[PDB]
Amino acid sequence: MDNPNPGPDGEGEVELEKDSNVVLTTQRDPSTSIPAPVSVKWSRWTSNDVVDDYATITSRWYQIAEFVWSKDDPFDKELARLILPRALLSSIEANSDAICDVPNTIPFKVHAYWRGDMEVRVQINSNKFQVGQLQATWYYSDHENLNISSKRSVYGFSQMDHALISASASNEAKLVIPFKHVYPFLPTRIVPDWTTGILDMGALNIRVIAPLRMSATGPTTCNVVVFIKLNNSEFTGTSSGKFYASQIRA
Amino acid sequence: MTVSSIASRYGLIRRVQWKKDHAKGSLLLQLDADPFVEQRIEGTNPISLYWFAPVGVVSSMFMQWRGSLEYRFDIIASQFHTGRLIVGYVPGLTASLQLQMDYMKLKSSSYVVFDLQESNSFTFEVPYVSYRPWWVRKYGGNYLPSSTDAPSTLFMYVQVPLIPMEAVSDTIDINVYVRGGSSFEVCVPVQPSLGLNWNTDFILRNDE
Amino acid sequence: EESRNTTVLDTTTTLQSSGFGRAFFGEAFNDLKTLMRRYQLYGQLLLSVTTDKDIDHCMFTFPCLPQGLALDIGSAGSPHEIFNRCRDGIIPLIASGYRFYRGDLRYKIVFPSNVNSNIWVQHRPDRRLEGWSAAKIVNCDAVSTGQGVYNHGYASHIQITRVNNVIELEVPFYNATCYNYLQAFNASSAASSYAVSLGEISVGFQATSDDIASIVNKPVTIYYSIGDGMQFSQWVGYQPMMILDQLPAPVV
Amino acid sequence: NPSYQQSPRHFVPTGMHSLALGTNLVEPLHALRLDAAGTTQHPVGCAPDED
Amino acid sequence: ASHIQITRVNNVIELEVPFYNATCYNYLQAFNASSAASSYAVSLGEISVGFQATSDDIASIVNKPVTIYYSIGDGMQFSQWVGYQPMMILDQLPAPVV
Amino acid sequence: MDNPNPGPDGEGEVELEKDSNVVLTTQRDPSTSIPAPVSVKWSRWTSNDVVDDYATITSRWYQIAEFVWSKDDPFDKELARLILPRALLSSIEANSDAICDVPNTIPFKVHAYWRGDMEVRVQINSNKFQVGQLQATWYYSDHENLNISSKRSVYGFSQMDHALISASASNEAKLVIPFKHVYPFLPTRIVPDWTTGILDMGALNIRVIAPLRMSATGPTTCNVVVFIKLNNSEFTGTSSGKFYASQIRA
Amino acid sequence: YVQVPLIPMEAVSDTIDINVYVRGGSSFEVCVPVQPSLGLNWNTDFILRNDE
């Protein structure tokens, strides 16, 4: 035990996570937090249309958020309230191009309804000498609640299960989010019985539990990048792409 | 007496005039994909009566429904009329997207192209695609909220226009019948959205 | 991670487990589903007749949900002292800590004893709940729609007040959902409002306008429990609480 | 719905159970407990020394 | 066949009105009485409810509501399928404008 | 034999051809013509990327041509020179909307290369009293030949195998076109070694062998509609949709 | 308390946050159900009933 021998290759073991044609590596073990067991398929109950998961394209990773986490951010501080089935699309529309330009999200342009799980990796690139800690918490249906504006603090999301991203360890936060909405499908576009709040399963929100702490000449900033996989999906209701409207900018 | 034996009966719901001068994209019907397909009587009563299929009346006493519908199209033609028509199905059209349709947007969704040559009747079994395992009734009691439009819309365009011979007529009637399919089912018994025509008198209670 | 446990620096010995009071009191309190089945006061109202009511006219309505109603403290002059002083009770204190529910509810509406008139009770699962505003008991005004009257097909029951002035109910889960919402509700989606309350119970008297005067300003109290099928699903932590014995005393 | 058409029972009401009787008699009540089978229990040091 | 409900015990009498017709089955739509014996074949009978009060207690009875219910009682078998008539949609009925 | 008993349902038997969510019916037996045996898959030799056929969306039928065939059209007359992997896209762009709006062609927007077979049904809706005959012929790589401008007649396409669409029988022309290009993949967009002539496997061209003949009061016009399935496909080279440019209008 | 004071290096910060989490242990148990001492924040309005 405890025999450090670094070389030109480096010291530690690098773990992978391969998808279709996306491999993204982390030195550190993830702090996984799984808020619910894995969802059943549920196309038998409400779909006669041809249903197929496009796992060769949809299960790839895609960056949907990157943000500087400075030490100027105080203690109780939001960093990103990502609405994850929306944020996969609104990140692309924030890149000033359409949904059909990205391989991950072309069945959202075509199909009408979606049910699937979501993997989320909230990777950080902090220094070893920086001291601080994030938490990444998934809340099911944030915008269908009106007192969440008072719950949205680090004391309230520490009670439900969540991941912790310490800035010392440069930790990575795996986050397996299965589908639990009230209705067993999320429409990707304006559907006859609801138009407002489209494709909103809930909110990944990333508060600060400890701010960044350092010396006077220490590295101030800290970049955080969020990736999302859409693994156990299924799309139903093949429809035209001209009925898909752009997401709300938020 | 059984819902799956009342709803399993075709009721005539639409009469479609299909002429020779219809182009290769003309709409023949855009009725909704719910059991409450409508045929209004052109009468002189102050409240308008309405014809429903048996699936609509037996589905009007229930809150929710699900399952496939079945439309029988009887294209009343001789063996010398040749035509071809799309009967398509768009899952999830709100009323603002009800316009801006054509047959080319219809072909991106589920559709059925029928060849009118000799056999002149076909049954398009409308799929049940919704986000919801059931589907709340269209009308409800006399209560303007809780009035939910259909999951999806049934269209019928003219793929290839009608080519009649010079001895047969230029026009063809198409009867459209509705049946609850093999998978159609309704659940929660609530106030019926329909009343009989046995006493059509209605008393307005104005306070003047 | 949340419930991780790195280094338990335990100084304790073994403490004898009582079985959540089974060893002392003869009953276990581990299962919080069976504490939820003790009846809690749901609502409390004085019967206020506005217009001339027919036999069909519903006296009051309320959306039926385990989250508790939009809490009526009362008017600033005359507060309802239980919902003023004893805030929120138990069932929305436990249902405050969850996100979804799938199940039934029980009601046990208690009527005044001065009245004698026969009372009908409708369950209406058609009704959507348009926001947490007006998620409360509605003393009904003059009739404009089918909301305000007795209706036919919905499941009803008629308590005879002369035999016993309490009707006891079991309001079933008649939603087209997987499960319904359980926190307070702002109605973002238009179909989301079909998924909060189990339905909308309306209680109405069959009295004419001469017997309607003995009904006026009599209390009707409603209770509820969760009825053995209720399964609160997703763990969501509690919100900021308020401590009750720090509420100010009515200084003389 | 079978219709039950046989003749029903024909009792006497009384307002209250017996105050006098106390031995061989299962006395029904409305317990303010949470368990319907719950009875107060006497552990090994809470034992009744005096009958 | 009669029954007497005591209003002081419970003010609801619950009945089971049997099929006492000399027919195979009775008519079920609205009825215009073409044949003179056809009118023996619509209703099961004719229930009459009456109070045993004198003319001094008859004043508390005046303008009190009596509501009747019905279900079909486990022997009811509707036989011949006849399609529905024109229906009227209820939520298109006019609202009482203030 | 020979017992005609029509009813309200009609007389004959109707045959179907179901795909994902598209069923299109013909009263008549097809005149199938298959110019080559079915192609092997060939992603083993030139692709390490994730390859998947999107058979729940790509194998649907889609109308790519409709044209009036009047009696004013003479004997040696083109009616449609369809370039079929292009005409599936240029028909959509002729409908004044993008490629990502249609479920059949969203992997052309994403992926870079394509290899697959193509089913073609050239349906006609002529009267029983009209007399005339089309031929539907597939030529492999029309635009890579310069003397095809002299071959393009009904005498030259009758020599290779082809379908015949008689206007009396209201016949239907099934046409199974397997992939035979020089290179085992067709790029969907501008690829480094060729930019001109993109996604051009060849030409379905529909000449006239007999023009329409009728009485003075007979039905003059005759509508022909062409459908295409893309069945044994495979797409490789997942790329951005912003590198896909619109097809040439032609 | 602080048994031995914090000795940070000159490159790391002088201060450290300590989060303190509470859990009912393996032997934690509650018994008699009474009126909750807490109320929700869903309606924080309170009406003082002074007699003036």
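Chains: A, B, C, D, E, F and G, in written order; residue numbering restarts at 1 for each.
In this text, contacts are C-beta pairs under 8 Å (C-beta built on N, C-alpha and C of every residue); 3 or more make two chains touch, one makes a residue touch a chain.
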item	value
Higher-contact pair (C-beta pairs counted), C-G versus C-D	C-G
Greatest separation from chain D - chain, by CA centre	F
Where chain A and chain G are represented by their mean Cα positions, the distance between them in whole Å	29
Centre-of-Cα separation between chain F and chain B, whole angstrom	33
Computed distance of Cα centres, chain G from chain B, in Å	61
Rounded Å distance, chain A centre to chain C centre (Cα mean)	36
Touching two or more other chains - residue numbers and ranges from chain B	108-110, 127, 132-133, 136, 140-144, 148, 192, 205
Numbers and ranges of chain F residues touching at least 2 other chains	21, 101-103
In chain E, residues with contacts to at least two other chains	90-91, 96
Inter-chain touch pairs (all)	A-B, A-C, A-F, A-G, B-C, B-E, B-F, C-D, C-E, C-G, D-E
Chain B residues touching chain F - in the complex, by the definition given at the top	24, 74, 79-80, 82-84, 104, 107-115, 117-122, 127, 159-161, 163-166
Contacting residues of chain B [partner chain C, same complex]	61, 63-64, 132-137, 140-146, 148, 187-192, 205
Touching residues (chain side chain C, partner chain G) in the complex	3, 15, 17-21, 24-25, 29-30, 35, 38, 70-71, 73-74, 76, 79, 81, 84, 86-90, 92-93, 96, 184, 239-245, 247-248, 250-252
Residue ranges of chain D touching chain C (in the complex, touch as defined)	33-35, 38-41, 43
For the chain C and chain B complex, residues of the former touching the latter	124-128, 130, 143, 145-147, 151-155, 174, 176-177, 191, 194
